[PDB]
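One structure is given below, encoded as structure tokens.
Cβ placement follows ideal geometry from the backbone for every residue including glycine, while neighbour counts extend to all protein chains displayed. Any read-out appearing in this document is the output of simple, stated calculations on the displayed coordinates, not a laboratory observation.
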RNA sequence: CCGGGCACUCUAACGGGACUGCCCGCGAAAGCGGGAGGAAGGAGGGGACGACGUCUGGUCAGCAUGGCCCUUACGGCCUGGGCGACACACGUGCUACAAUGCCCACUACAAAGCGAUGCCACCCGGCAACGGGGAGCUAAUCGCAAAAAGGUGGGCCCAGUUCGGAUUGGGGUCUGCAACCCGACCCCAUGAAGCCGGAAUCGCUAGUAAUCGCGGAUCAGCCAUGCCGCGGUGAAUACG
Ligand SMILES: [Mg+2]
Ligand SMILES: [Mg+2]
Ligand SMILES: [Mg+2]
Ligand SMILES: [Mg+2]
Ligand SMILES: [Mg+2]
Ligand SMILES: [Mg+2]
Ligand SMILES: [Mg+2]
Ligand SMILES: [Mg+2]
Ligand SMILES: [Mg+2]
Ligand SMILES: [Mg+2]
Ligand SMILES: [Mg+2]
Ligand SMILES: [Mg+2]
Ligand SMILES: [Mg+2]
Ligand SMILES: [Mg+2]
Ligand SMILES: [Mg+2]
Ligand SMILES: [Mg+2]
Ligand SMILES: [Mg+2]
Ligand SMILES: [Mg+2]
Ligand SMILES: [Mg+2]
Ligand SMILES: [Mg+2]
Ligand SMILES: [Mg+2]
Ligand SMILES: [Mg+2]
Ligand SMILES: [Mg+2]
Ligand SMILES: [Mg+2]
Ligand SMILES: [Mg+2]
Ligand SMILES: [Mg+2]
Ligand SMILES: [Mg+2]
Ligand SMILES: [Mg+2]
Ligand SMILES: [Zn+2]
């Protein structure tokens, strides 16, 4: 009937709700391509369905909030793959060599006192 | 890298051609962290090269990069006072970085107005064996075979 | 650019409003 | 670009002093430490010693200079 | 600073604009945090001592 | 096409070709193209003399312009310079007026760097 | 409507205070909604480490105001019976609005 | 938005979780190489944390303090001026020299904070800074608020320009007893140098550099381009 995964990337979450359907994807009450599309990276979110050839099987409804859009895409990528494994746990062995089910733990490195931006040091003269 | 080998960064396959060399080229185009703009430059240049020439831009991009790969270059080495321009080979990883960076830095030296026009035109010339990028490659291998007299300093 | 105060961009750089960057 | 927007400000020190000097006719030099104030038309023709911080400088006030402030005519620094 | 310059305490300042911060503990003129009423130095000295409730070390 | 005192912008859009008038920036050009009912995008070479004569009517006598402006500015300097004004003293010695610092970076107002010894 | 606003600098004094209130109101009142945790207000202060510069050595401190909500639904007496003055915690502070 | 529900996102407290524990190889061992499982592996990433001591380092001008001087005065009050001076020199930054760009309209996705005489939605006047009116908020419930780069559409067509916003004339708002020395902000006009920088030299090894905005501390106001934080997009390269 329905399968779910959460997915997260860089202070951004996007809950993926999978239902068997024509292949049409809604994101925040907008068309998938009316939200994205002006962004070349957008197709990455959907790569889990091409790894299992789940293209024409599922419809998806997503709720994406937080962060910027490019991180929103990666969270959708995971949430899609998470709902995919809960659907058929035999897809773990399929999806895992690609890493689609791993979380990207890289977040903005905090700024540190004495530097300009958290690594970049102020330039000096000595003379 | 004093300690380790400092392994290579593994680039993500191209979103379009599934090709890592594409992404690596797109990155050299990207400035100020705009990967979105850099792709739209590259892909809108793929339409120029495929219309103004009835040939697949995939094989031309490959063929252009190959013609700019230097087989040898010159390096300095501190010897007996002032140093020397010493010829030696180019590891195949460095042939990649140079030829890619050379294509991009050449295209921006071009006369054409819009970005993707310069890229596609430079690419088209580079595969054909001409254009500014192939001159940097043909000029480097001219440094070697010129200072060839120091081929015993190989290091 | 960010220097011209009679452009929208030079208005957001100073953090002010005017004819070249109204509120709503 | 200069702005007081209304109630063009003048110090109460000289104001009550000058308006009384009109009713008795133009007087000689006047001591003033308040250059904060603007100039008003009823100063024209007078002589006012404005403080630069060190001395009192005689300033003949005329019709052309009605808009400004005192001390615009009594500079502070001294260069070369 | 000087005991005379703790005249801000007695302000009756004749102009509100002449009210200035004046760290209370040490009589510092310049850098006075307003929520504590201390100066940046008296703030660190009282924080370490533990006399400022809720004020811990900052780490993240 | 001569609108103000002798002034001949050409071949470009009309609003932008008005910038080439002294007393006209982008705010005055957009205003004249608005109040004279002219498309700002039309090329200067494609301007109707009936539109051009309407433009000359407007701009010539609405605001003080090119010739008079230069004299009005200078006579507005001599004004504060002839009186003992402080602002006038700075205009004499070629220094900033709006209250900037001169210890460095006075370059635009004054005499690109003339160096001495130490 | 019975609102109870718990605020304190220590996060163990609020919890020591909030749990005690649910246990006195769950013997009488309906299912109390629960100890719902509200976000924290974090005031930060950054101070140069010494006097008289060495500008680039500052160490910062933070003062965190933790918040909690209570919301007993329809409490009458044996709720308010144990709620007059039985609480221990000190760094805690409470308000009531209806 | 209501009814209603806690599952989800979240919030903020308690826990679990990774240990070379499992497999192969080497090794005497410690461990090194590689592999599966796993959100994560050999210090997962980032902080706070800086030993015996060194430099007679820095500060008696934050405070404390030994000695020495001053005592109608080195002290005390005020107004005014100065800390902003300008023939030059260095440091650190900001904005740029443009088309991977500038401008205009339209439209989309943050994290972290601040606010009771303050934050001020919203309405009216004003080109606008802003003024009047006035709602809500002791604030996950209201407000700062619009995030910007981005996307779609359109304009400029390589030019000291629709690049660049210095300088200067002119009109005006606000704070403040008061803006001459000496403030910020708005509107009109002016539209400078500058077409990627000599010798030399600086930063960073991954969410890093680069770039884009946002907030805060002090503060009536502000010369904040500073500083301390926040997230958005997101590289190149390391033979040695
Ligand atoms: Mg950043
Ligand atoms: Mg610094
Ligand atoms: Mg230093
Ligand atoms: Mg501009
Ligand atoms: Mg001299
Ligand atoms: Mg003392
Ligand atoms: Mg003050
Ligand atoms: Mg000159
Ligand atoms: Mg000259
Ligand atoms: Mg000369
Ligand atoms: Mg000497
Ligand atoms: Mg500092
Ligand atoms: Mg760790
Ligand atoms: Mg650690
Ligand atoms: Mg010493
Ligand atoms: Mg100073
Ligand atoms: Mg209006
Ligand atoms: Mg709430
Ligand atoms: Mg709510
Ligand atoms: Mg609440
Ligand atoms: Mg366009
Ligand atoms: Mg020039
Ligand atoms: Mg221009
Ligand atoms: Mg040019
Ligand atoms: Mg390092
Ligand atoms: Mg402020
Ligand atoms: Mg200034
Ligand atoms: Mg700021
Ligand atoms: Zn103090």
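Could you work out the mean count of beta carbons from other protein chains within 10 Å of each residue's beta carbon in G:56-64? Intermediate values should be presented prior to the final figure.
Working: counts 4, 2, 4, 6, 5, 10, 7, 9, 4.
Mean partner shielding for this stretch: 6.
How much of the DSSP beta bridge set in chain A is antiparallel, as a percent to the nearest 5?
Beta bridges within chain A, antiparallel portion: roughly 80 percent.
Go ahead and estimate [θ] at 222 nm for chain B from helices alone: -39,500 (n - 2.57) per DSSP H run with n ≥ 4, summed, over the residue count, rounded to 500.
-16500 deg cm²/dmol
With 10 angstrom as the radius, rank G:66, G:54 by how many other C-beta atoms surround their C-beta, starting from the fewest.
G:54, G:66
Please label the shape of the protein assembly as shown as rounded, prolate or oblate, based on the square roots a ≥ b ≥ c of the eigenvalues of the alpha-carbon gyration tensor (a/c under 1.5 means rounded; beyond that, a/b larger than b/c means prolate, else oblate).
Here the protein assembly as shown falls in the oblate category.
At 222 nm, what helix-only mean residue ellipticity would chain E give, in deg cm²/dmol to the nearest 500, using -39500 (n - 2.57) for each DSSP H run of four or more?
It lands at -5000 deg cm²/dmol.
What's the angle, to the nearest 10 degrees (0 to 90), between helix E:40-49's Cα axis and the longest principal axis of chain E?
So the inclination is approximately 40 degrees.
Once the Cα atoms of helix B:132-143 and of chain B are each reduced to a long axis, what angle between those two axes, in degrees from 0 to 90 to the nearest 10, is obtained?
10 degrees
Starting from the Cα gyration tensor of chain D, take the square roots of the eigenvalues, sort them a ≥ b ≥ c, and report rounded, prolate or oblate (rounded when a/c is under 1.5, otherwise prolate if a/b is larger than b/c, else oblate). List each step's numbers first, then the result.
Details: a/c = 1.71, a/b = 1.14, b/c = 1.50.
Oblate is the answer for chain D, as a/c is 1.5 or above yet b/c matches or exceeds a/b.
Could you work out how far apart the two model spin labels at residue E:49 and residue D:66 are, taking each label as a point 7 Å from the Cα in the direction of the beta carbon, and quote it in nm?
Reported label-point gap for residue E:49 and residue D:66 is 6.5 nm.
Which one, A:89, A:20, A:97, has the greatest fluctuation when you compute a Gaussian network model over chain A with C-alpha springs under 10 angstrom?
The residue that fluctuates most here is A:97.
Relative contact order of chain B, please, whole-number percent, based on alpha carbon pairs below 8 angstrom and at least 6 residues apart.
24 percent
Under a plain spin-label model, where a point goes 7 Å from the Cα along Cα-to-Cβ, how far apart in nm are residue G:28 and residue D:79?
Distance between the two pseudo-spin positions: 8.2 nm.
Below 8 Å, C-alpha to C-alpha, sequence gap of six or more: please give me the relative contact order for chain F in percent. Working shown, then result.
Working: 109 pairs, mean separation 24.1, N = 118.
The value is 20 percent.
Enter the mean number of other protein chain beta carbons within 10 Å of the beta carbon of each residue in A:109-122, as an integer. Numbers along the way, then the final one.
On the way: counts 0, 1, 0, 0, 9, 4, 1, 0, 0, 0, 0, 0, 0, 1.
Whole-number average of other-chain Cβ neighbours for A:109-122 is 1.
Going by how many other beta carbons lie within 10 Å of each one, how would you line up B:46, E:26, fewest first?
E:26, B:46
In deg cm²/dmol and to the nearest 500, what is the mean residue ellipticity at 222 nm of chain D if only DSSP H runs of at least 4 residues count, each as -39500 (n - 2.57), divided by the residue total?
Details: 1 runs with 12 residues, N = 80.
Estimated from H runs of four or more residues: -4500 deg cm²/dmol.
Could you line up A:73, G:94 from fewest to most neighbouring Cβ atoms inside 10 Å?
G:94, A:73
GNM on chain G, C-alpha springs below 10 Å: top fluctuator among G:33, G:17, G:57?
G:57
Considering every residue in A:39-48, what mean count of other chain Cβ atoms within 10 Å of its Cβ is obtained?
Per residue, the number of nearby Cβ atoms from other chains is 3 on average.
Once the Cα atoms of helix G:11-25 and of chain G are each reduced to a long axis, what angle between those two axes, in degrees from 0 to 90 to the nearest 10, is obtained?
With both axes taken from Cα atoms, the answer is about 10 degrees.
Mind ranking D:6-13, B:4-11 by how tightly packed they are, going by the mean number of other C-beta atoms within 10 angstrom, highest first?
In decreasing order of mean packing, D:6-13, B:4-11 become D:6-13, B:4-11.
Find the relative contact order for chain E and round it to a whole percent, using C-alpha pairs within less than 8 Å whose residues are 6+ positions apart.
Normalised by residue count, the contact order of chain E is 20 percent.
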